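What follows is a short report on a single structure.
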Amino acid sequence: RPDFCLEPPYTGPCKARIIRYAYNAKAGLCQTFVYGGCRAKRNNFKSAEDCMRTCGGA
């Protein structure tokens with residue numbers, strides 16, 4: 001699981017309400033969050049499994 005999988009989901013400064021997934025290191029699973037629509041960081045995925053294939057474990 002790469003380093004950016006541990007960094008909190010960044011909404012960003014734009015004001016859209018779009019639902020994306022980000023890995024949640026405390027649960028060990030990906031959970032949704034609201035992306036504002038610009039300047040996506042890496043822990044920002046468009047399905048639960050893309051998130052887990054990148055940020056998941058064994």
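Residues are named by chain letter and number: chains run A, B, ... in the order of the structure tokens, numbers start at 1 in each chain, and ligands are numbered from 1 in the order shown.
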Selection near residue 50 of chain A, 10 Å with only C-alpha atoms, sequence-local residues under 5 positions removed, as JSON, numbers by chain: {"A": [21, 22, 30, 44, 45, 55, 56]}
Preceding selection exported with C-alpha atoms as a PDB file, in the first residue's frame:
ATOM      1  CA  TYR A  21     -13.400   7.065  -2.643  1.00  0.00           C
ATOM      2  CA  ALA A  22     -10.352   7.372  -0.479  1.00  0.00           C
ATOM      3  CA  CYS A  30     -11.858   2.685   1.341  1.00  0.00           C
ATOM      4  CA  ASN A  44      -9.012   9.964  -4.628  1.00  0.00           C
ATOM      5  CA  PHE A  45     -10.636   7.028  -6.602  1.00  0.00           C
ATOM      6  CA  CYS A  55      -4.203   0.961  -1.328  1.00  0.00           C
ATOM      7  CA  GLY A  56      -5.113  -2.479  -0.092  1.00  0.00           C
TER       8      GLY A  56
END
Long-range neighbours of residue 2 of chain A as an MDAnalysis selection string, 12 Å cut-off, only C-alpha atoms, 4 positions minimum in chain: chainID A and resid 6:7 23 25 42:43 51:57
Nearby residues (only C-alpha atoms) at most 12 Å from residue 41 of chain A, same-chain spacing under 5 positions excluded, as a PyMOL selection string: chain A and resi 4-13+20-22+35-36
I need the chosen residues saved as a compact mmCIF listing (two decimals), in the first residue's frame, with N, CA, C and O atoms.
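New file again37.txt:
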# COMPACT_ATOMS: atom_id res chain seq x y z
N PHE A 4 0.79 7.54 -0.07
CA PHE A 4 -0.32 8.50 -0.19
C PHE A 4 -1.66 7.92 0.21
O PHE A 4 -2.62 8.69 0.39
N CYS A 5 -1.72 6.58 0.31
CA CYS A 5 -2.89 5.89 0.82
C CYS A 5 -3.12 6.27 2.29
O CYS A 5 -4.22 6.18 2.84
N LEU A 6 -2.08 6.74 2.98
CA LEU A 6 -2.24 7.15 4.36
C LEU A 6 -2.58 8.61 4.52
O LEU A 6 -2.73 9.10 5.65
N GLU A 7 -2.67 9.40 3.46
CA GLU A 7 -2.83 10.83 3.71
C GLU A 7 -4.32 11.16 3.65
O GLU A 7 -5.01 10.51 2.83
N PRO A 8 -4.92 12.04 4.46
CA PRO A 8 -6.39 12.18 4.53
C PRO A 8 -6.92 12.65 3.15
O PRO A 8 -6.13 13.21 2.33
N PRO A 9 -8.20 12.40 2.84
CA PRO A 9 -8.77 12.77 1.55
C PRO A 9 -8.84 14.28 1.45
O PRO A 9 -9.23 14.95 2.39
N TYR A 10 -8.44 14.86 0.36
CA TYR A 10 -8.44 16.30 0.24
C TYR A 10 -9.62 16.71 -0.60
O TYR A 10 -9.70 16.32 -1.76
N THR A 11 -10.54 17.47 -0.04
CA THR A 11 -11.64 18.01 -0.82
C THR A 11 -11.08 18.97 -1.90
O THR A 11 -11.42 18.91 -3.09
N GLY A 12 -10.18 19.85 -1.51
CA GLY A 12 -9.74 20.87 -2.42
C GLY A 12 -10.61 22.07 -2.27
O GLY A 12 -11.54 22.09 -1.45
N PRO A 13 -10.32 23.15 -2.97
CA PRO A 13 -10.98 24.44 -2.78
C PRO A 13 -12.17 24.69 -3.67
O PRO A 13 -12.81 25.72 -3.50
N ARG A 20 -16.24 10.49 -4.05
CA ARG A 20 -15.16 9.70 -4.59
C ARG A 20 -14.82 8.80 -3.44
O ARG A 20 -15.41 8.87 -2.34
N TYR A 21 -13.90 7.90 -3.70
CA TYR A 21 -13.40 7.06 -2.64
C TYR A 21 -11.99 7.41 -2.21
O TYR A 21 -11.16 7.81 -3.06
N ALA A 22 -11.71 7.25 -0.91
CA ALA A 22 -10.35 7.37 -0.48
C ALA A 22 -10.06 6.30 0.56
O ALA A 22 -10.97 5.94 1.28
N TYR A 35 -15.29 15.24 -2.94
CA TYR A 35 -14.28 15.96 -3.70
C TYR A 35 -14.91 17.24 -4.23
O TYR A 35 -15.93 17.21 -4.92
N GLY A 36 -14.23 18.39 -4.09
CA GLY A 36 -14.78 19.68 -4.49
C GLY A 36 -14.65 19.85 -5.98
O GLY A 36 -15.13 20.82 -6.55
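Taking the backbone of this structure through DSSP, the residues of chain A that come out as strand (DSSP E or B) are residues 18, 19, 20, 21, 22, 23, 24, 29, 30, 31, 32, 33, 34, 35 and 45 of chain A.
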Exercise: residue 34 of chain A partners within 6 Å, only C-alpha atoms, chain neighbours under 5 positions left out, as a list in words: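 Surrounding residues, per the criterion: residues 17, 18 and 19 of chain A.
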DSSP alpha helix (DSSP H) residues within chain A, as a VMD selection string: chain A and resid 48 to 55
Between atom CA of residue 40 of chain A and atom CA of residue 26 of chain A - distance in Å to one decimal: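 Atom CA of residue 26 of chain A sits 21.4 Å away from atom CA of residue 40 of chain A.
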Computed interatomic separation between atom CA of residue 15 of chain A and atom CA of residue 48 of chain A (Å):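 Computed distance, atom CA of residue 15 of chain A to atom CA of residue 48 of chain A, equals 22.8 Å.
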